[PDB]
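Next comes protein.tsv, with TSV, C-alpha atoms and all ligand atoms.
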chain	number	residue	atom	x	y	z
A	4	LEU	CA	-49.33	133.79	49.47
A	5	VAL	CA	-49.27	130.54	51.46
A	6	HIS	CA	-46.16	128.93	53.03
A	7	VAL	CA	-46.91	125.46	54.30
A	8	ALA	CA	-44.51	123.98	56.87
A	9	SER	CA	-42.97	120.77	55.51
A	10	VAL	CA	-40.94	118.64	57.98
A	11	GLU	CA	-37.41	117.86	56.78
A	12	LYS	CA	-37.79	114.37	55.46
A	13	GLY	CA	-37.86	111.75	58.21
A	14	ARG	CA	-36.71	114.14	60.95
A	15	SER	CA	-38.11	114.24	64.50
A	16	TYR	CA	-37.41	115.94	67.86
A	17	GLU	CA	-34.20	113.92	68.37
A	18	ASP	CA	-32.70	115.33	65.16
A	19	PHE	CA	-33.44	118.92	66.09
A	20	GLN	CA	-32.20	118.45	69.65
A	21	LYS	CA	-28.84	117.46	68.14
A	22	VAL	CA	-28.81	120.66	66.13
A	23	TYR	CA	-29.72	122.62	69.24
A	24	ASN	CA	-26.90	120.88	71.10
A	25	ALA	CA	-24.31	121.68	68.39
A	26	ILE	CA	-25.28	125.35	68.48
A	27	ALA	CA	-25.26	125.37	72.28
A	28	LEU	CA	-21.84	123.67	72.47
A	29	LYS	CA	-20.43	126.21	69.96
A	30	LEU	CA	-21.89	129.03	72.03
A	31	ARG	CA	-20.00	127.69	74.99
A	32	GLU	CA	-16.76	127.19	72.95
A	33	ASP	CA	-16.63	130.46	71.07
A	34	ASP	CA	-16.55	132.58	74.19
A	35	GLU	CA	-14.27	135.51	73.20
A	36	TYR	CA	-16.54	137.02	70.58
A	37	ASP	CA	-17.42	140.68	71.01
A	38	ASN	CA	-15.32	141.18	74.14
A	39	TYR	CA	-16.50	138.02	75.84
A	40	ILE	CA	-20.21	138.57	75.34
A	41	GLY	CA	-20.24	135.49	73.12
A	42	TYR	CA	-22.55	134.83	70.18
A	43	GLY	CA	-25.89	134.54	72.13
A	44	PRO	CA	-27.09	138.08	71.55
A	45	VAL	CA	-26.22	138.32	67.89
A	46	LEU	CA	-28.01	135.03	67.27
A	47	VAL	CA	-31.18	136.40	68.92
A	48	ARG	CA	-30.91	139.50	66.75
A	49	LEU	CA	-30.40	137.37	63.67
A	50	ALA	CA	-33.56	135.34	64.38
A	51	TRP	CA	-35.48	138.56	64.89
A	52	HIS	CA	-34.23	140.19	61.67
A	53	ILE	CA	-34.94	137.16	59.49
A	54	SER	CA	-38.51	137.17	60.90
A	55	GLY	CA	-39.05	140.91	61.10
A	56	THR	CA	-39.23	141.43	57.36
A	57	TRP	CA	-42.71	139.86	57.42
A	58	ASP	CA	-45.71	141.77	56.12
A	59	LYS	CA	-49.08	140.46	57.31
A	60	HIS	CA	-50.82	142.13	54.34
A	61	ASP	CA	-49.32	139.95	51.64
A	62	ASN	CA	-47.24	137.33	53.53
A	63	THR	CA	-44.00	138.53	52.00
A	64	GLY	CA	-40.81	138.29	54.06
A	65	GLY	CA	-40.77	136.30	57.29
A	66	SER	CA	-38.56	133.49	58.50
A	67	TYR	CA	-39.92	130.74	56.24
A	68	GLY	CA	-37.88	131.10	53.05
A	69	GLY	CA	-34.44	131.48	54.59
A	70	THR	CA	-33.83	134.44	52.32
A	71	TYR	CA	-31.13	136.03	54.54
A	72	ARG	CA	-28.71	133.71	52.70
A	73	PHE	CA	-29.19	135.97	49.57
A	74	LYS	CA	-27.07	139.05	49.08
A	75	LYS	CA	-29.88	141.59	48.90
A	76	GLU	CA	-30.98	140.68	52.47
A	77	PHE	CA	-27.64	139.93	53.99
A	78	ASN	CA	-26.33	143.25	52.76
A	79	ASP	CA	-29.33	145.21	54.12
A	80	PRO	CA	-27.85	148.07	56.12
A	81	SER	CA	-30.34	147.13	58.92
A	82	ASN	CA	-28.54	143.76	59.07
A	83	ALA	CA	-25.02	145.05	59.53
A	84	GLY	CA	-23.17	142.86	61.98
A	85	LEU	CA	-25.43	139.85	61.54
A	86	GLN	CA	-22.85	138.29	59.26
A	87	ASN	CA	-21.10	137.27	62.46
A	88	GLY	CA	-24.14	135.16	63.39
A	89	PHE	CA	-24.20	133.66	59.99
A	90	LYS	CA	-20.55	132.68	60.13
A	91	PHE	CA	-21.17	131.11	63.47
A	92	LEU	CA	-23.99	128.96	62.08
A	93	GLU	CA	-22.14	127.83	58.89
A	94	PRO	CA	-20.30	124.93	60.55
A	95	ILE	CA	-23.56	123.87	62.14
A	96	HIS	CA	-25.22	123.90	58.73
A	97	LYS	CA	-22.34	121.85	57.24
A	98	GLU	CA	-22.73	119.24	59.93
A	99	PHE	CA	-26.56	119.14	59.52
A	100	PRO	CA	-27.05	119.96	55.87
A	101	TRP	CA	-30.61	118.68	55.94
A	102	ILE	CA	-31.97	121.55	58.06
A	103	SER	CA	-33.49	124.44	56.12
A	104	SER	CA	-31.98	127.85	56.39
A	105	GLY	CA	-35.05	129.41	58.09
A	106	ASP	CA	-35.16	126.53	60.54
A	107	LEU	CA	-31.51	127.01	61.35
A	108	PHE	CA	-31.65	130.75	61.79
A	109	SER	CA	-34.77	130.62	63.97
A	110	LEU	CA	-33.42	127.69	66.00
A	111	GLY	CA	-30.24	129.64	66.59
A	112	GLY	CA	-32.31	132.29	68.33
A	113	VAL	CA	-34.24	129.78	70.42
A	114	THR	CA	-31.03	128.07	71.43
A	115	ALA	CA	-29.37	131.32	72.34
A	116	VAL	CA	-32.26	132.50	74.55
A	117	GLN	CA	-32.42	129.18	76.36
A	118	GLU	CA	-28.69	128.79	76.86
A	119	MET	CA	-28.58	132.33	78.21
A	120	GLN	CA	-30.97	131.18	80.98
A	121	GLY	CA	-34.08	132.61	79.33
A	122	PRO	CA	-37.38	130.92	79.12
A	123	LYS	CA	-38.09	127.86	77.08
A	124	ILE	CA	-39.24	128.75	73.58
A	125	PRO	CA	-41.31	126.17	71.84
A	126	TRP	CA	-40.13	125.78	68.28
A	127	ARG	CA	-41.58	124.23	65.19
A	128	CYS	CA	-39.72	122.85	62.18
A	129	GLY	CA	-40.65	122.88	58.54
A	130	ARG	CA	-39.53	126.19	57.05
A	131	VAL	CA	-38.49	125.56	53.42
A	132	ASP	CA	-35.90	127.50	51.49
A	133	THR	CA	-37.38	129.70	48.72
A	134	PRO	CA	-35.63	131.19	45.69
A	135	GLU	CA	-33.65	134.42	45.43
A	136	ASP	CA	-36.53	136.29	43.85
A	137	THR	CA	-38.60	135.84	47.04
A	138	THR	CA	-36.09	137.89	49.09
A	139	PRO	CA	-37.78	140.96	50.53
A	140	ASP	CA	-36.41	144.38	49.69
A	141	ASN	CA	-34.40	146.28	52.31
A	142	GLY	CA	-36.23	148.78	54.53
A	143	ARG	CA	-38.73	146.55	56.37
A	144	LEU	CA	-36.83	146.48	59.69
A	145	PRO	CA	-37.38	149.31	62.18
A	146	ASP	CA	-35.51	152.58	62.72
A	147	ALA	CA	-34.18	153.28	66.24
A	148	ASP	CA	-34.47	157.09	66.10
A	149	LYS	CA	-38.19	157.58	66.62
A	150	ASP	CA	-40.98	157.72	69.15
A	151	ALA	CA	-43.57	155.33	70.62
A	152	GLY	CA	-46.12	156.02	67.91
A	153	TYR	CA	-43.67	154.84	65.28
A	154	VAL	CA	-42.96	151.69	67.26
A	155	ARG	CA	-46.62	150.82	67.70
A	156	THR	CA	-47.38	151.42	64.07
A	157	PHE	CA	-44.31	149.54	62.93
A	158	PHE	CA	-45.27	146.46	64.86
A	159	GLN	CA	-48.86	146.32	63.60
A	160	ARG	CA	-47.32	145.10	60.30
A	161	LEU	CA	-46.01	142.12	62.28
A	162	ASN	CA	-49.40	141.60	63.99
A	163	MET	CA	-47.94	142.49	67.40
A	164	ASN	CA	-49.89	144.39	70.05
A	165	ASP	CA	-48.59	146.57	72.85
A	166	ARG	CA	-47.88	143.78	75.30
A	167	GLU	CA	-46.11	141.73	72.60
A	168	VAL	CA	-43.97	144.74	71.55
A	169	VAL	CA	-42.94	145.49	75.10
A	170	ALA	CA	-42.20	141.86	75.84
A	171	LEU	CA	-40.07	141.42	72.65
A	172	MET	CA	-38.08	144.57	73.40
A	173	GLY	CA	-36.90	142.97	76.62
A	174	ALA	CA	-34.33	141.17	74.45
A	175	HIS	CA	-32.52	144.52	74.54
A	176	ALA	CA	-31.14	143.43	77.90
A	177	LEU	CA	-28.78	141.35	75.76
A	178	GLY	CA	-25.55	142.31	74.02
A	179	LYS	CA	-24.87	145.76	72.72
A	180	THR	CA	-24.96	148.31	70.00
A	181	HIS	CA	-21.85	148.88	67.89
A	182	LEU	CA	-21.22	152.24	66.34
A	183	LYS	CA	-19.93	150.78	63.08
A	184	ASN	CA	-23.05	148.67	62.61
A	185	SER	CA	-25.91	150.96	63.58
A	186	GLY	CA	-24.50	154.28	64.73
A	187	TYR	CA	-25.14	153.57	68.39
A	188	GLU	CA	-22.48	153.35	70.93
A	189	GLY	CA	-22.65	150.72	73.54
A	190	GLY	CA	-20.36	149.56	76.24
A	191	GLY	CA	-22.91	147.00	77.53
A	192	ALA	CA	-21.94	143.36	78.02
A	193	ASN	CA	-24.83	141.20	79.27
A	194	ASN	CA	-25.29	137.65	78.01
A	195	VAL	CA	-27.78	136.44	80.62
A	196	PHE	CA	-31.50	136.68	79.75
A	197	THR	CA	-33.30	138.57	82.51
A	198	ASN	CA	-35.92	141.29	82.90
A	199	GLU	CA	-33.25	143.94	83.59
A	200	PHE	CA	-34.09	146.03	80.49
A	201	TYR	CA	-37.26	147.09	82.27
A	202	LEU	CA	-35.58	147.64	85.62
A	203	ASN	CA	-32.88	149.75	83.94
A	204	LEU	CA	-35.48	151.80	82.08
A	205	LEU	CA	-37.28	152.61	85.34
A	206	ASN	CA	-34.33	152.83	87.75
A	207	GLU	CA	-31.44	154.55	85.93
A	208	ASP	CA	-30.85	158.28	85.61
A	209	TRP	CA	-31.00	158.69	81.79
A	210	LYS	CA	-29.41	161.62	79.91
A	211	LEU	CA	-30.10	162.38	76.25
A	212	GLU	CA	-26.65	162.55	74.67
A	213	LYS	CA	-25.12	162.63	71.22
A	214	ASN	CA	-22.72	159.87	70.28
A	215	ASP	CA	-19.72	159.99	67.99
A	216	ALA	CA	-21.88	159.26	64.98
A	217	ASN	CA	-23.96	162.39	65.78
A	218	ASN	CA	-27.03	160.35	66.81
A	219	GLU	CA	-28.95	160.78	70.00
A	220	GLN	CA	-29.18	158.03	72.61
A	221	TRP	CA	-30.01	157.80	76.27
A	222	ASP	CA	-27.08	157.11	78.57
A	223	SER	CA	-26.64	156.52	82.29
A	224	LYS	CA	-23.66	157.16	84.66
A	225	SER	CA	-23.61	153.35	85.25
A	226	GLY	CA	-22.60	152.98	81.63
A	227	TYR	CA	-25.97	151.72	80.29
A	228	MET	CA	-27.58	152.97	77.09
A	229	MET	CA	-31.05	152.97	75.54
A	230	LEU	CA	-32.02	153.66	72.00
A	231	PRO	CA	-34.64	156.39	71.54
A	232	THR	CA	-37.18	153.66	70.68
A	233	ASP	CA	-36.25	151.81	73.92
A	234	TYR	CA	-36.84	154.98	75.88
A	235	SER	CA	-40.14	155.53	74.15
A	236	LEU	CA	-41.53	152.60	76.13
A	237	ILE	CA	-41.43	154.81	79.27
A	238	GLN	CA	-42.68	157.96	77.51
A	239	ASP	CA	-45.93	156.39	76.25
A	240	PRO	CA	-48.32	155.70	79.15
A	241	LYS	CA	-49.63	152.39	77.76
A	242	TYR	CA	-46.13	151.01	77.21
A	243	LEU	CA	-45.06	152.33	80.62
A	244	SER	CA	-47.67	150.29	82.43
A	245	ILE	CA	-46.37	147.15	80.79
A	246	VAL	CA	-42.68	148.04	81.43
A	247	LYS	CA	-43.62	148.29	85.13
A	248	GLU	CA	-45.40	145.03	85.04
A	249	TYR	CA	-42.36	143.16	83.60
A	250	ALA	CA	-39.95	144.99	85.92
A	251	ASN	CA	-41.96	143.55	88.81
A	252	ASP	CA	-42.63	139.89	87.53
A	253	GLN	CA	-39.73	137.99	86.09
A	254	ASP	CA	-41.92	134.96	85.43
A	255	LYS	CA	-44.61	136.92	83.63
A	256	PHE	CA	-42.05	138.54	81.47
A	257	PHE	CA	-40.60	135.05	80.59
A	258	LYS	CA	-43.95	133.51	79.55
A	259	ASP	CA	-44.93	136.61	77.59
A	260	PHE	CA	-41.58	136.82	75.82
A	261	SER	CA	-41.72	133.15	75.01
A	262	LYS	CA	-45.07	133.32	73.32
A	263	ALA	CA	-44.24	136.61	71.48
A	264	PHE	CA	-40.88	135.27	70.24
A	265	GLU	CA	-42.35	132.04	69.06
A	266	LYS	CA	-45.09	133.96	67.27
A	267	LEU	CA	-42.52	136.30	65.63
A	268	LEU	CA	-40.52	133.28	64.42
A	269	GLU	CA	-43.64	131.61	63.08
A	270	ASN	CA	-45.42	134.53	61.41
A	271	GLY	CA	-46.28	133.70	57.79
A	272	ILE	CA	-46.22	129.91	58.22
A	273	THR	CA	-49.20	127.60	57.83
A	274	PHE	CA	-48.83	124.49	59.95
A	275	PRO	CA	-50.85	121.48	58.71
A	276	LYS	CA	-53.23	120.03	61.24
A	277	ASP	CA	-51.13	116.87	61.14
A	278	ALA	CA	-47.82	118.77	61.80
A	279	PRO	CA	-45.79	117.71	64.84
A	280	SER	CA	-46.45	119.61	68.07
A	281	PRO	CA	-43.90	122.32	68.91
A	282	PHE	CA	-40.65	121.03	70.33
A	283	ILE	CA	-39.27	122.14	73.67
A	284	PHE	CA	-35.54	121.51	73.65
A	285	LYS	CA	-33.56	120.59	76.72
A	286	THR	CA	-30.65	122.91	77.60
A	287	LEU	CA	-27.13	121.53	77.78
A	288	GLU	CA	-27.37	122.00	81.56
A	289	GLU	CA	-30.54	119.95	81.71
A	290	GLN	CA	-28.90	117.13	79.76
A	291	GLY	CA	-25.71	117.16	81.89
A	292	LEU	CA	-23.70	118.13	78.81
B	1	LIG	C1	-38.14	149.02	67.60
B	1	LIG	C2	-37.62	147.81	67.51
B	1	LIG	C3	-36.12	147.57	67.49
B	1	LIG	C4	-35.13	148.42	67.11
B	1	LIG	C5	-35.24	149.85	66.53
B	1	LIG	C6	-33.93	147.73	67.35
B	1	LIG	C7	-32.65	148.28	67.08
B	1	LIG	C8	-31.45	147.68	67.43
B	1	LIG	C9	-30.12	148.27	67.18
B	1	LIG	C10	-29.87	149.63	66.51
B	1	LIG	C11	-29.25	147.40	67.66
B	1	LIG	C12	-27.72	147.45	67.62
B	1	LIG	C13	-27.12	146.75	66.41
B	1	LIG	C14	-25.59	146.82	66.39
B	1	LIG	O1	-25.16	147.99	66.40
B	1	LIG	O2	-24.92	145.80	66.43
B	1	LIG	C15	-29.91	146.26	68.24
B	1	LIG	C16	-29.40	145.19	68.85
B	1	LIG	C17	-29.99	144.06	69.33
B	1	LIG	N1	-31.32	143.81	69.19
B	1	LIG	FE1	-32.77	145.19	68.57
B	1	LIG	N2	-34.22	146.49	67.84
B	1	LIG	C18	-35.55	146.37	67.95
B	1	LIG	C19	-36.15	145.23	68.36
B	1	LIG	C20	-35.64	144.05	68.74
B	1	LIG	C21	-36.27	142.76	68.98
B	1	LIG	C22	-37.77	142.59	68.80
B	1	LIG	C23	-35.37	141.83	69.32
B	1	LIG	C24	-35.51	140.39	69.61
B	1	LIG	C25	-36.60	139.91	70.28
B	1	LIG	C26	-34.07	142.53	69.28
B	1	LIG	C27	-32.86	141.95	69.67
B	1	LIG	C28	-31.63	142.60	69.67
B	1	LIG	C29	-30.48	142.05	70.24
B	1	LIG	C30	-30.38	140.75	71.01
B	1	LIG	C31	-29.44	143.01	70.04
B	1	LIG	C32	-27.98	142.91	70.42
B	1	LIG	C33	-27.07	142.31	69.32
B	1	LIG	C34	-25.62	142.22	69.69
B	1	LIG	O3	-25.23	142.29	70.80
B	1	LIG	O4	-24.87	141.98	68.66
B	1	LIG	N3	-34.22	143.90	68.90
B	1	LIG	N4	-31.30	146.43	68.03
B	2	LIG	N1	-39.91	160.90	71.97
B	2	LIG	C1	-39.09	160.77	70.79
B	2	LIG	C2	-39.24	161.84	69.85
B	2	LIG	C3	-38.48	161.78	68.70
B	2	LIG	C4	-37.61	160.68	68.45
B	2	LIG	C5	-37.51	159.66	69.41
B	2	LIG	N2	-38.24	159.73	70.56
B	2	LIG	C6	-38.08	158.64	71.50
B	2	LIG	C7	-37.28	158.85	72.81
B	2	LIG	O1	-36.11	159.69	72.73
B	3	LIG	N1	-30.62	149.31	74.75
B	3	LIG	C1	-29.98	148.22	74.10
B	3	LIG	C2	-30.43	147.85	72.82
B	3	LIG	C3	-29.84	146.77	72.19
B	3	LIG	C4	-28.83	146.03	72.90
B	3	LIG	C5	-28.44	146.50	74.13
B	3	LIG	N2	-29.01	147.60	74.72
B	3	LIG	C6	-28.49	147.99	76.02
B	3	LIG	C7	-28.96	147.30	77.26
B	3	LIG	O1	-30.35	147.49	77.46
Once you've parsed the file, please lay out its structure as structure tokens.
Ligand code: HEM
Ligand SMILES: Nc1cccc[n+]1CCO
Ligand SMILES: Nc1cccc[n+]1CCO
Amino acid sequence: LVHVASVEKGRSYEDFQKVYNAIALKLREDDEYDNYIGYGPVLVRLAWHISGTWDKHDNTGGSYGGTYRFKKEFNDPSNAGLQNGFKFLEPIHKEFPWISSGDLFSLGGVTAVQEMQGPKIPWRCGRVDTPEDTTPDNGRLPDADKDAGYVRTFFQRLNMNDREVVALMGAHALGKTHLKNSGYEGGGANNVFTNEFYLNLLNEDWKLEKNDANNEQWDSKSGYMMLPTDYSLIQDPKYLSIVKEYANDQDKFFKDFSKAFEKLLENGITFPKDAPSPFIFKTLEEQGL
């Protein structure tokens, strides 16, 4: 199954930078969401979940087809809460109706990471919307109540290795869990992209507790939480090494996250040899906007 990137007709970097800018300006404007976290984190999660359905064995799922717009996928229990991200992006899509749905969703994630002071994420256009019957079934996104072996195995389906898994998980510095979405209870409130997930894993005094949904999670007296799968990265000795690395090298963590996130967003897509080079968008701050 081959998905060839096809550039939205006549569009170039300047067009996509405007889209970026509209998302970034809305991020700035719609500040009260989720107790003043803003929409950055949920947009990152959205870009991950639209990509994380991919199966390297048959090239089903993945970001390309924009299939999150179809009820089967948007109603996936694993996607509960992401409707907020969608509603955020709908006015952007109405203003720029020419962008494909997979391009918009993945660009929303790029824009969110950058505007939250994360690394640059090169991004490529050309995802093309595919029909409802190409929507992957529910159940391809990961469970949070398991160990390191589950995590490793899960991510082989996405062609991610240990360093890529540990790097991508660093996005769990952002935002929070919400009991009514996932059964995890978060207070958390960060909307700045840093390497603190790793620092928190190593530094905090974690206690295995049960939340009000009767699920276990790891909590600290500082008010932080970790999912069991987040904690598994310090149980497994191969993941632990890499957690320590990223805790001790902000820059390394940035570059590794950038390449892993781009790869995640691009899995399943064939880029023609004549395709444009990846775009690196300027932040609002960089533009003086
Ligand atoms: C083992 C892998 C993963 C598991 C089990 C997992 C699980 C979860 C769960 C249960 C939540 C809370 C959802 C809610 O209650 O609203 C969450 C949130 C979040 N996840 Fe993950 N995740 C994983 C990997 C990733 C990856 C790879 C990324 C992106 C690179 C990501 C980005 C996020 C973000 C940014 C949030 C916060 C959303 C918000 O604040 O609304 N996660 N994840
Ligand atoms: N080690 C383990 C065993 C079972 C479920 C989850 N985890 C991960 C951390 O709590
Ligand atoms: N662990 C986790 C997972 C997802 C979002 C937030 N947090 C808390 C901060 O690390």
(request) Determine, counting all atoms listed in the file, every residue of protein, DNA or RNA that lies within 10 Å of (-47.9, 147.2, 72.0) in the file coordinates, then give the result as a PyMOL selection string. (result) chain A and resi 151-152+154-156+158-159+162-171+236+241-242+245
Hey, can you spit out that residue selection with C-alpha atoms as an mmCIF file, keeping the file's coordinate frame?
data_model
loop_
_atom_site.group_PDB
_atom_site.id
_atom_site.type_symbol
_atom_site.label_atom_id
_atom_site.label_comp_id
_atom_site.auth_asym_id
_atom_site.auth_seq_id
_atom_site.Cartn_x
_atom_site.Cartn_y
_atom_site.Cartn_z
ATOM 1 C CA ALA A 151 -43.570 155.330 70.620
ATOM 2 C CA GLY A 152 -46.120 156.020 67.910
ATOM 3 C CA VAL A 154 -42.960 151.690 67.260
ATOM 4 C CA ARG A 155 -46.620 150.820 67.700
ATOM 5 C CA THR A 156 -47.380 151.420 64.070
ATOM 6 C CA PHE A 158 -45.270 146.460 64.860
ATOM 7 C CA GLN A 159 -48.860 146.320 63.600
ATOM 8 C CA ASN A 162 -49.400 141.600 63.990
ATOM 9 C CA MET A 163 -47.940 142.490 67.400
ATOM 10 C CA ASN A 164 -49.890 144.390 70.050
ATOM 11 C CA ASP A 165 -48.590 146.570 72.850
ATOM 12 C CA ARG A 166 -47.880 143.780 75.300
ATOM 13 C CA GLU A 167 -46.110 141.730 72.600
ATOM 14 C CA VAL A 168 -43.970 144.740 71.550
ATOM 15 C CA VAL A 169 -42.940 145.490 75.100
ATOM 16 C CA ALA A 170 -42.200 141.860 75.840
ATOM 17 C CA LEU A 171 -40.070 141.420 72.650
ATOM 18 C CA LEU A 236 -41.530 152.600 76.130
ATOM 19 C CA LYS A 241 -49.630 152.390 77.760
ATOM 20 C CA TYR A 242 -46.130 151.010 77.210
ATOM 21 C CA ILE A 245 -46.370 147.150 80.790
#
(request) Please provide as a VMD selection string all residues within 12 Å of residue A:110, with the sequence filter that same-chain residues fewer than 6 positions apart are discarded (counting all atoms listed in the file). (result) chain A and resid 19 to 27 43 46 to 47 49 to 51 53 to 54 66 92 95 to 96 102 to 104 116 to 118 124 to 130 264 to 265 268 to 269 282 to 284
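Taking all atoms listed in the file into account, the residues that come within 9 Å of ligand LIG 2 (chain B) are residues 147, 148, 149, 150, 151, 152, 153, 211, 219, 220, 221, 229, 230, 231, 232, 233, 234, 235, 236, 237, 238 and 239 of chain A.
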List every residue of chain A that has an atom at most 7 Å from any atom of ligand LIG 1 (chain B), giving for each one its closest atom pair and the distance in Å to one decimal, counting only C-alpha atoms and all ligand atoms, sorted by chain and then by ascending residue number, as a tab-separated table.
residue	atom	partner	partner_atom	distance
A:44	CA	B:LIG1	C30	4.3
A:45	CA	B:LIG1	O4	4.0
A:47	CA	B:LIG1	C30	4.9
A:48	CA	B:LIG1	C27	4.3
A:51	CA	B:LIG1	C24	5.1
A:83	CA	B:LIG1	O2	6.9
A:84	CA	B:LIG1	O2	5.6
A:145	CA	B:LIG1	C5	4.9
A:146	CA	B:LIG1	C5	4.7
A:147	CA	B:LIG1	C5	3.6
A:154	CA	B:LIG1	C1	5.5
A:171	CA	B:LIG1	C25	4.5
A:172	CA	B:LIG1	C22	5.0
A:174	CA	B:LIG1	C25	4.9
A:175	CA	B:LIG1	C28	5.3
A:177	CA	B:LIG1	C30	5.0
A:178	CA	B:LIG1	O3	3.2
A:179	CA	B:LIG1	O3	4.0
A:180	CA	B:LIG1	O1	3.6
A:181	CA	B:LIG1	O1	3.7
A:182	CA	B:LIG1	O1	5.8
A:183	CA	B:LIG1	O1	6.8
A:184	CA	B:LIG1	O1	4.4
A:185	CA	B:LIG1	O1	4.2
A:186	CA	B:LIG1	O1	6.5
A:187	CA	B:LIG1	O1	5.9
A:232	CA	B:LIG1	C1	5.7
A:264	CA	B:LIG1	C25	6.3
(request) Using all atoms listed in the file, determine which residues lie at most 8 Å from residue A:195, disregarding the query and same-chain residues fewer than 6 positions distant; provide the list as a ChimeraX atom specification. (result) /A:119-121,177
(request) Show which residues sit within 12 Å of residue A:73, as a ChimeraX atom specification. Count all atoms listed in the file, and ignore same-chain residues fewer than 4 positions away. (result) /A:53,68-69,77-79,86,89,104,132-141
Draw an axis-aligned box tight on the listed atoms of stretch 217-227 of chain A, then pad every side by 4 Å and write out centre and edge lengths in Å to one decimal as lines of an AutoDock Vina configuration file.
center_x = -26.3
center_y = 157.1
center_z = 75.5
size_x = 15.4
size_y = 18.7
size_z = 27.5
(request) Find the residues near stretch 204-210 of chain A: any atom within 7 Å, counting only C-alpha atoms, skip ones fewer than 4 places away on the same chain, and give them as a PyMOL selection string. (result) chain A and resi 200+221-223
(message) Calculated over all atoms listed in the file, which of the candidates A:65, A:191, A:122, A:291 has the smallest distance to residue A:256?
(response) A:122
(request) Tell me which protein, DNA and RNA residues are within 7 Å of residue A:249, counting all atoms listed in the file, leaving out same-chain ones fewer than 6 positions away, and put them as number ranges by chain. (result) A: 198, 201, 255-256
(message) Using all atoms listed in the file, can you tell me which of A:144, A:192, A:216, A:113 comes closest to residue A:262?
(response) A:113
(request) Please indicate the distance in Å from atom CA of residue A:266 to atom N2 of ligand LIG 3 (chain B), rounded to one decimal place. (result) 22.4 Å
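The closest residue to ligand LIG 3 (chain B), picked from A:263, A:272, A:292, A:228 and counting all atoms listed in the file, is A:228.
The shortest atom-to-atom distance to residue A:29, with all atoms listed in the file taken into account, belongs to A:90 out of A:160, A:52, A:90, A:72.
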(request) Take atom CA of residue A:63 and atom CA of residue A:6 and report the distance between them in Å, one decimal. (result) 9.9 Å
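The residue that comes closest to residue A:259, out of A:240, A:173, A:214, A:28 and on the basis of all atoms listed in the file, is A:173.
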Can you take the partial stretch 204-217 of chain A, add N, CA and C atoms, and return it as a compact mmCIF listing (two decimals), in the frame of the given file?
# COMPACT_ATOMS: atom_id res chain seq x y z
N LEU A 204 -34.68 150.70 82.57
CA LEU A 204 -35.48 151.80 82.08
C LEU A 204 -36.07 152.64 83.24
N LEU A 205 -36.59 151.93 84.25
CA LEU A 205 -37.28 152.61 85.34
C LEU A 205 -36.34 153.19 86.39
N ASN A 206 -35.18 152.57 86.56
CA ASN A 206 -34.33 152.83 87.75
C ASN A 206 -33.21 153.84 87.47
N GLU A 207 -32.64 153.78 86.26
CA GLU A 207 -31.44 154.55 85.93
C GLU A 207 -31.79 156.02 85.70
N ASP A 208 -30.77 156.83 85.85
CA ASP A 208 -30.85 158.28 85.61
C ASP A 208 -30.39 158.54 84.17
N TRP A 209 -31.32 158.65 83.23
CA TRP A 209 -31.00 158.69 81.79
C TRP A 209 -30.78 160.13 81.35
N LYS A 210 -29.75 160.31 80.53
CA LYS A 210 -29.41 161.62 79.91
C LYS A 210 -29.38 161.46 78.40
N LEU A 211 -30.04 162.37 77.69
CA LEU A 211 -30.10 162.38 76.25
C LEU A 211 -28.81 162.98 75.73
N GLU A 212 -27.99 162.16 75.11
CA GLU A 212 -26.65 162.55 74.67
C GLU A 212 -26.56 162.38 73.17
N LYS A 213 -25.50 162.95 72.56
CA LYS A 213 -25.12 162.63 71.22
C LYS A 213 -23.85 161.80 71.22
N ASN A 214 -23.89 160.72 70.44
CA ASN A 214 -22.72 159.87 70.28
C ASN A 214 -21.80 160.35 69.18
N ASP A 215 -20.76 159.56 68.96
CA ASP A 215 -19.72 159.99 67.99
C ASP A 215 -20.16 159.90 66.56
N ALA A 216 -21.31 159.27 66.28
CA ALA A 216 -21.88 159.26 64.98
C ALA A 216 -22.93 160.39 64.77
N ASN A 217 -23.04 161.28 65.77
CA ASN A 217 -23.96 162.39 65.78
C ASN A 217 -25.44 162.00 65.92
